[PDB]
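For reference, the structure is listed below as structure tokens.
Where a number appears in this text, it was derived from the coordinates with a stated rule and is not lab data. Neighbour counts run over all protein chains shown; Cβ positions are idealised from the backbone, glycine included.
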Amino acid sequence: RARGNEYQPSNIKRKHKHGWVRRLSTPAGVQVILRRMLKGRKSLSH
Amino acid sequence: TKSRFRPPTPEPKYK
Amino acid sequence: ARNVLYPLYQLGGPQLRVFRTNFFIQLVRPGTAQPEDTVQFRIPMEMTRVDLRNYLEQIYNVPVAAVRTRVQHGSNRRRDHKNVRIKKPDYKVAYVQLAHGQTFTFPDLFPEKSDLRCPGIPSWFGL
Amino acid sequence: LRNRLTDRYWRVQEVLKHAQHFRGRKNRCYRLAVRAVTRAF
Amino acid sequence: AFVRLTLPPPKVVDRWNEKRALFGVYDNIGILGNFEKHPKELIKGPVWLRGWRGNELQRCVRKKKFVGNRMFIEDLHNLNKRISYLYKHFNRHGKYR
Amino acid sequence: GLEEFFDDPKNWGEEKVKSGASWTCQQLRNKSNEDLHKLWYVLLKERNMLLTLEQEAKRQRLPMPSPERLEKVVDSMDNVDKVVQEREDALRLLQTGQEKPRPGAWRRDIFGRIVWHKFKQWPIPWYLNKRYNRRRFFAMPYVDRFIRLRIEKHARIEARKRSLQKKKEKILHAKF
Amino acid sequence: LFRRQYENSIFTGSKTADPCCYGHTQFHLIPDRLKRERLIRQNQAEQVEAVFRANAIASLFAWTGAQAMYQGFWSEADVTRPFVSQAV
Amino acid sequence: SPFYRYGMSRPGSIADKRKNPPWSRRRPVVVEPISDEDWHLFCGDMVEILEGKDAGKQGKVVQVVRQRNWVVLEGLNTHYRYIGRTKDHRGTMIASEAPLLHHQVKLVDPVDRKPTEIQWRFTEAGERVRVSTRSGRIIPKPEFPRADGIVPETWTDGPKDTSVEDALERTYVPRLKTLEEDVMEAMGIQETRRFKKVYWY
Amino acid sequence: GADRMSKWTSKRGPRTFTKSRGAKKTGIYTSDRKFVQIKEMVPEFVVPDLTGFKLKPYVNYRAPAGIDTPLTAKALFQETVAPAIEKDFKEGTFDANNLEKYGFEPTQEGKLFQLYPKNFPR
RNA sequence: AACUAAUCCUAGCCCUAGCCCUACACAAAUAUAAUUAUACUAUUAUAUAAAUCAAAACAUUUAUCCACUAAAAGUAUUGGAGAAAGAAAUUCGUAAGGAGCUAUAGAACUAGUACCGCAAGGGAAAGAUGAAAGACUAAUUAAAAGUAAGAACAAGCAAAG
RNA sequence: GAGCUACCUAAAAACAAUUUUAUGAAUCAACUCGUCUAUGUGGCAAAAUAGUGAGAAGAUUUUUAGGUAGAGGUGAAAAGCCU
RNA sequence: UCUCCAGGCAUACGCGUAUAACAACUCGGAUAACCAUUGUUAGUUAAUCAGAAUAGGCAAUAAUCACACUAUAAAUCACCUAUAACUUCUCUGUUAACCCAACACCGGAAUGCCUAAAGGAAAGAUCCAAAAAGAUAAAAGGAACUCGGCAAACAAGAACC
Ligand SMILES: [Mg+2]
Ligand SMILES: [Mg+2]
Ligand SMILES: [Mg+2]
Ligand SMILES: [Mg+2]
Ligand SMILES: [Mg+2]
Ligand SMILES: [Mg+2]
Ligand SMILES: [Mg+2]
Ligand SMILES: [Mg+2]
Ligand SMILES: [Mg+2]
Ligand SMILES: [Mg+2]
Ligand SMILES: [Mg+2]
Ligand SMILES: [Mg+2]
Ligand SMILES: [Mg+2]
Ligand SMILES: [Mg+2]
Ligand SMILES: [Mg+2]
Ligand SMILES: [Mg+2]
Ligand SMILES: [Mg+2]
Ligand SMILES: [Mg+2]
Ligand SMILES: [Mg+2]
Ligand SMILES: [Mg+2]
Ligand SMILES: [Mg+2]
Ligand SMILES: [Mg+2]
Ligand SMILES: [Mg+2]
Ligand SMILES: [Mg+2]
Ligand SMILES: [Mg+2]
Ligand SMILES: [Mg+2]
Ligand SMILES: [Mg+2]
Ligand SMILES: [Mg+2]
Ligand SMILES: [Mg+2]
Ligand SMILES: [Mg+2]
């Protein structure tokens, strides 16, 4: 069919997957935050 | 094919 | 009061008194058409409709029969010279219906109340 | 950019000054004039 | 090409300032001073290349030896990669064998 | 009443309004707490009126008469806040000696930084509170590498600033 | 007073097939929030009797209005015989 | 901001917003830093023009932009411009003063009209005063109207203004009671309940 | 495609997602989804009587301001408690145990307005 | 006889030297779907670095990656004894500057921003008057390609004699 | 990285009329799918449009949240899918 | 006012001021008028709509108009026993032509009710060329076309491998 519309926005899905609490759950996720703080990013997560 | 673009900056010129 | 700590209340606690208040409010002319009794206020976002009733009745000695409030979303669409969105501050609008048949309308502030024949030759010269 | 050629203007002029009487882009473009001039010489 | 439409400012050098006037003094401190100090000891520069010269690969390794333990993580990482690139160049490439 | 929000009816429609000087911090100190409590509400009503008037000017797209009045009132209210807080702060030091009014402690987050933690009011002790035992005030070894990098990043930034100031002195001495 | 879109219903308390279609009297109970003492504290003393008037006008018109539709009268065809109902 | 040029218009006016837009990146001005103690030029002081169009003409300082080390003298170093120009009318020609750097002017001996250099020195009372390098003398600070334009002595008490005596009145009584405890006693509020224990953490 | 830079507020998200704008709570939610307001949790503004008040928002320019001296604990002690102790010391009627006689509070517990931790707002 | 344009100098940067640190930012909020004033379900890094690459393949192996300068010494040793690797004993030592960059350069940086990706993440571009703009924003230039001023006139690598 | 897609768990929703009967049966919409031809081809479209076709009470379609992750996952096996 | 077309009003998920008036006429709409664009000012008002105390004891008997009728795939807190508390209105959502597709994209998008009472406009002015695309009509013949009855048809029937 016609591709390009994979993104089907849902705030509950978004926040669970890439949210603050989700990132802090695992050390591998906390190290994602730690690098982002090093670079200077405006937003560390969703 | 590839894809990249540039912004139309507001460019206020009133000096 | 805003940006201050409210003591935690447990059964049998004293009444909470705020002697000096951080909430400052402004009365605005209605955008739409409102009933004569209804009065509009812009108030700090941390103020409750209950506080406004107490706020007006005690500080201003105004009888209030009902209060209704809403939270207004400020625009975040305008971009500056660096293409950074500017956010218009969100504010709280309060609708206050006066009591005892009292009537109020916003006052109207600010009652405010050559020589064609000789073209282009300097007229200073007498010659 | 410690060292850059500040006199490349005159190097192009040497080739171009021998191409003014030509017709077309060869009289004004160095990539095209230079080839035209060598045959002329 | 394009060239400046105005002359740049004149550059004036004072050749009798204190640094230029006394340049070179004490270069013979050793032979004329009973060899108390070698002239190499008068050089002001990086600790790892005062009185020493070598090619970049040698220079890279020498910088590591003196201040390898006092370097920043990113700088040390780049130095290690710079050494490994030079090693394969000087020891595996080049016209002559 | 509601009329207090608007200014004196006569003053409406005048380009400029005369205003006295604002209250200084030293003068407020001489006043007793009774006056400070009373004075605050007097200023509060003044602030509301000017906020009411200034906002109305935007609707009419006309310049506010005597805009300087609001700054004087706001500065006066801040001075009253300063005096009262200073009086209370001194009393706390005498009776207790604690520097700050609210309890807090120096603690480390999971991101390897020292953060001043402000305490909150709770109805149960900390060891029985299951929301407190989700917050973490310690760091695992994996934050060790990132801790050093912040030291170096700040060290780089500090070094550049010192060098930059040195150049600016050179330009000044060359100029003069 | 807000707006929603749900089913419009003209119901007299019973379907059209019911033999009993007219009305005699209605009994309404004012909710606790609207009782006399609560209104006084809220400072809306005048509304002590206004609450009664609002319910009487609203409910009786709905009941009588629904009755007319059962007899077949609607907006264009005005009611020939007035419809009367009571409420307490 | 790093890119902000101070001009002649008072900051925050329409002129200063027009000259310095947020995107301005004009070449910085290099100004010889001058210590607060070092500066000796103040509004109202008569000074003499060392060099320029009006060199040797004494004038009165009327403005000091210390950010640019500028001193502006009334009616001197003055060029011409049109004020109030409109589409209908040309306007009124006026002569506008231009800023002068400090080193281009000198202060004047109070008694005698000469450009006497001065040095900062204390007095018996301890107040800092400017003293002439030669013919040592005390040049008083020149009284000048305030920028806001309000005149204290002629100011007349009006509504919303406290009387001078009332402001001077002192009624604070030092006591180990907070404002939260003084008001209740004065206002007669009585409360006998006490807050329950709270576990701060 | 979600905007990461805008603040997360209750206007956004589904119906279920809600949060406050910072308004202080004034009641309790009991079982069966019933709200029960508590009068004590509702702040009460203590407003003084302004009759006969001689202070207005603005001050006269003529009035001269004084020297700023931030109040310090030592200064307050000298004014209030020192004179009592000094006179008592001459009379000899002073002891360490009765510092409360001059106004000392051993513990803030039992005070309506606790100095630390503060139990009263501005 | 000019349009498009071009000219420009300081914003900052780079490498050293010296130097551990004691820049941990009112008040309020945030680990809940972060930045939502109070109880519910409580909270905790990792077993040996691999491979590319070299040995003209590849399979043991392959400097750095992974403890003071100089000398002993590329020596003794180690190694499909091949490519290659490589000591020690023992001697010696008191240790603010620029033949750097100047807006396609120097950092990616005016900014980790805009923009792009669900996310990890990737990642820009540009500015230029004067002492004074409370002097109607200067200048400066047959100057790039591109046009115009001024379409063309049998025949041809467009020129040369 | 499973908001696309393969699969699964949980909580749910849609199915008119007609004939059979008592159903992975029939005619045929909504709805799901994508046999054929034509146009399009930097297109409306990085897979569409116009017709024509298949299923349409079921191994049915759809909605919401969650789970399975690359030495792997899923697979009515096309080495098909996993932005 | 006339001519003609036939998915429309709400809800959820989503989006985040694109809503509305005024003023501008640089930019955006692939052109104009007008604004969806720029700037300023406004806006969405709920006890009913929507969202967010403790310890025990014990449940054989679907749904389908649930009666009849059968079947098989076997199918949605309450009520008690005791303890504790005895009179409350705060907070948040509410606008729009809107979302996923770089786009004012002939595409994708769930539920409720209804099918015009709601919602809309295929043609900027011209002109009648070839070629190309689509629709309709056909003297006689009736697959003689073609790899093949592909496409089309006033046909849409029958049998076979
Ligand atoms: Mg995509
Ligand atoms: Mg989907
Ligand atoms: Mg090999
Ligand atoms: Mg091979
Ligand atoms: Mg650069
Ligand atoms: Mg760059
Ligand atoms: Mg040209
Ligand atoms: Mg010829
Ligand atoms: Mg899912
Ligand atoms: Mg499958
Ligand atoms: Mg059916
Ligand atoms: Mg399919
Ligand atoms: Mg079929
Ligand atoms: Mg079939
Ligand atoms: Mg079927
Ligand atoms: Mg197969
Ligand atoms: Mg992919
Ligand atoms: Mg609009
Ligand atoms: Mg208009
Ligand atoms: Mg378009
Ligand atoms: Mg607009
Ligand atoms: Mg509401
Ligand atoms: Mg409800
Ligand atoms: Mg709506
Ligand atoms: Mg049309
Ligand atoms: Mg046409
Ligand atoms: Mg036909
Ligand atoms: Mg025919
Ligand atoms: Mg055939
Ligand atoms: Mg066919």
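Using Cα-Cα distances under 8 Å and only pairs 6 or more residues apart, what relative contact order does chain E have, in percent?
Working: 40 pairs, mean separation 13.6, N = 97.
The normalised contact order for chain E reaches 14 percent.
Which angle between 0 and 90 degrees, to the nearest 10, do you get for helix I:73-91 versus the longest principal axis of chain I when only C-alpha atoms count?
The helix I:73-91 is inclined about 40 degrees to chain I.
Quick one: grab the alpha carbon gyration tensor of chain G, order the square roots of its eigenvalues as a ≥ b ≥ c, and give me rounded if a/c is under 1.5, else prolate or oblate depending on whether a/b is larger than b/c. List each step's numbers first, then the result.
On the way: a/c = 2.41, a/b = 2.02, b/c = 1.19.
Taking the square roots of the gyration eigenvalues as a ≥ b ≥ c, chain G is prolate.
Among C:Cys118, E:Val25, C:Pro35, flag the residue with its Cα farthest along the positive direction of the charge dipole of the protein assembly as shown, charges on Cβ as +1 for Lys/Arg and -1 for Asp/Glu.
E:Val25
Among the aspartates and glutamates, which fall within straight-line cross-link reach of E:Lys40, defined as a Cα-Cα distance under 12 Å, with same-chain neighbours fewer than 8 residues apart omitted?
Within reach: E:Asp27.
Tell me the Kirkwood hydrodynamic radius of chain F in angstroms, computed as one over the mean inverse distance between distinct C-alpha pairs.
Numbers: mean 1/r = 0.0436 Å⁻¹.
22.9 Å is the Kirkwood radius here.
Using the count of nearby Cβ atoms within 10 Å as a rough guide to exposure, how do I:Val59, H:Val30 rank from fewest to most?
Working: I:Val59 24, H:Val30 12.
Ascending Cβ contact count within 10 Å gives the list H:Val30, I:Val59.
What average count of beta carbons from other chains do you get within 10 Å of the Cβ of residues in F:38-50? Don't skip to the end; give the middle numbers.
Details: counts 8, 7, 5, 10, 7, 5, 9, 5, 4, 4, 8, 3, 3.
Average per residue, whole number: 6.
Within 10 Å of each Cβ of H:189-198, how many other protein chain Cβ atoms are there on average?
Mean partner-chain Cβ count within 10 Å for H:189-198: 6.
First obtain the Kirkwood hydrodynamic radius of chain C from its Cα pairs, then insert it into the Stokes-Einstein equation at 10 °C and 1.306 mPa s, and state the resulting D in µm² per second as a whole number.
Numbers: Rh = 19.5 Å.
Value of D from the Cα-based Kirkwood radius: 82 µm²/s.
How crowded by other chains is G:44-54, given as the mean number of beta carbons from other chains within 10 Å of each beta carbon?
Numbers: counts 7, 4, 4, 3, 0, 0, 0, 0, 0, 0, 0.
For this peptide, the per-residue mean of nearby foreign Cβ atoms is 2.
Could you give the angle, 0 to 90 degrees to the nearest 10, between helix A:27-39's Cα long axis and the longest principal axis of the Cα atoms of chain A?
80
If each residue's Cβ is checked for other Cβ atoms within 10 Å, how do I:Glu44, G:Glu76 rank with the fewest at the top?
Working: I:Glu44 15, G:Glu76 5.
Neighbour counts put them in this order, fewest first: G:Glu76, I:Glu44.
Which whole number in µm²/s is D for the range H:70-109 by Stokes-Einstein, with the Kirkwood Rh taken over Cα pairs at 10 °C and 1.306 mPa s?
In µm²/s, the coefficient rounds to 133.
With N set to the residue count of the range F:70-161, report its C-alpha Rg divided by 2.2 N^0.38 Å to two decimal places.
Details: Rg = 20.6 Å, N = 92, 2.2 N^0.38 = 12.3 Å.
Here the answer is 1.68, to two decimals.
Is there a quick way to get the dipole size of the range H:118-201? I mean about its Cα centre, with the Cβ of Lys and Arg at +1 and of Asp and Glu at -1; what is the value in debye to the nearest 20?
Numbers: 15 positive and 15 negative charges, 160 e Å.
Charge dipole, the range H:118-201, about its Cα centre: 760 debye, nearest 20.
Per the helix-only calculation at 222 nm, which mean residue ellipticity applies to chain A, given -39500 (n - 2.57) for every DSSP H run of n ≥ 4 and division by its residues, nearest 500 deg cm²/dmol? Before the final figure, lay out the partial values.
Values: 3 runs with 27 residues, N = 46.
It comes out at -16500 deg cm²/dmol, rounded to the nearest 500.
For the range C:64-115, with only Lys/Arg (+1) and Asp/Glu (-1) charged at the beta-carbon, what is the dipole magnitude about the Cα centre, in debye rounded to 20? Can you show the working numbers first?
On the way: 11 positive and 5 negative charges, 134 e Å.
It works out to roughly 640 debye.
Using the Kirkwood formula on the Cα atoms of chain H, what hydrodynamic radius do you get, in angstrom to one decimal? Display every interim value, and only then the final one.
Working: mean 1/r = 0.0436 Å⁻¹.
It works out to 23.0 Å.
Counting only C-alpha contacts under 8 Å and six or more residues apart, can you give the relative contact order of chain F as a whole percent?
On the way: 115 pairs, mean separation 30.3, N = 176.
Contact order relative to length: 17 percent.
When a/c is below 1.5 the answer is rounded, else prolate if a/b is larger than b/c, else oblate, so apply that to the range E:1-44 with a ≥ b ≥ c taken from the square roots of the Cα gyration tensor eigenvalues.
On the way: a/c = 6.88, a/b = 3.14, b/c = 2.19.
It is prolate, given that a/c is not under 1.5 and a/b is the larger ratio.
How high is the relative contact order of the range C:1-73, in percent, counting Cα pairs under 8 Å that sit 6 or more residues apart?
Numbers: 44 pairs, mean separation 16.3, N = 73.
Rounded, it is 22 percent for the range C:1-73.
Add -39500 (n - 2.57) for each DSSP H run of 4 or more in chain I, then divide by its residues: what number comes out at 222 nm, to the nearest 500 deg cm²/dmol? Intermediate results must be reported in sequence, preceding the final value.
On the way: 1 runs with 19 residues, N = 122.
Rounded to the nearest 500, it is -5500 deg cm²/dmol.
Hey, what angle do you get for helix F:143-175 against the long axis of chain F, alpha-carbon based, 0 to 90 degrees rounded to 10?
Between the helix axis and the principal axis of chain F, the angle is about 60 degrees.
What does the helix-only formula give at 222 nm for chain C: each DSSP H stretch with n ≥ 4 adding -39500 (n - 2.57), the total divided by the residues, and the result rounded to the nearest 500 deg cm²/dmol? Walk me through the numbers before you get to the answer.
Numbers: 1 runs with 11 residues, N = 127.
One gets -2500 deg cm²/dmol as the mean residue ellipticity at 222 nm.
Return the Rg/Rh ratio of the range H:96-193 with Cα-based radii and a Kirkwood Rh. Each step should come with its number before you reach the end.
Values: Rg = 26.2 Å, Rh = 20.3 Å.
Taking Rh as the inverse mean 1/r over Cα pairs, Rg/Rh reads 1.29.
Please report, for the Cα atoms of chain E, the Rg to one decimal and the Dmax as a whole number; what are they, in angstrom?
Final numbers for Rg and Dmax: 21.7, 60 Å.
Gap in Å between the Cα centre of the range F:1-29 and the Cα centre of the range H:98-122?
43
Where in the range F:139-176 is the amide nitrogen less than 18 Å from a point lying 7 Å along the Cα-to-Cβ axis of E:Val12?
Only F:171-176 pass the distance filter.
Just rank I:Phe35, C:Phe110, fewest to most, by other beta-carbon atoms within 10 angstrom. Write out the running numbers ahead of the final one.
Working: I:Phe35 9, C:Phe110 18.
The most exposed by this proxy come first: I:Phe35, C:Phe110.
Restricting to Cα atoms and excluding each atom paired with itself, what does the Kirkwood estimate give for the protein assembly as shown in Å? Before the final figure, lay out each step's value.
Values: mean 1/r = 0.0256 Å⁻¹.
Radius from the Kirkwood sum: 39.1 Å.
Which value does Rg/Rh take for the range F:74-126 over its C-alpha atoms, Rh per Kirkwood?
When Rh is taken as the Kirkwood radius, the ratio is 1.14.
Using only the alpha-carbon atoms of the range I:22-98 as identical scatterers, what base-10 log of I(q)/I(0) does the Debye formula give at q = 0.14, 0.19, 0.20, 0.27 Å⁻¹?
Result of the Debye calculation: -0.87, -0.96, -1.00, -1.23.
Give me the dipole magnitude in Debye, nearest 20, for chain H about the Cα centre, with unit charges on the beta carbon: positive for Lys and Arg, negative for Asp and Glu. Please report the intermediate quantities before stating the final value.
Values: 35 positive and 30 negative charges, 293 e Å.
That gives a dipole near 1400 debye.
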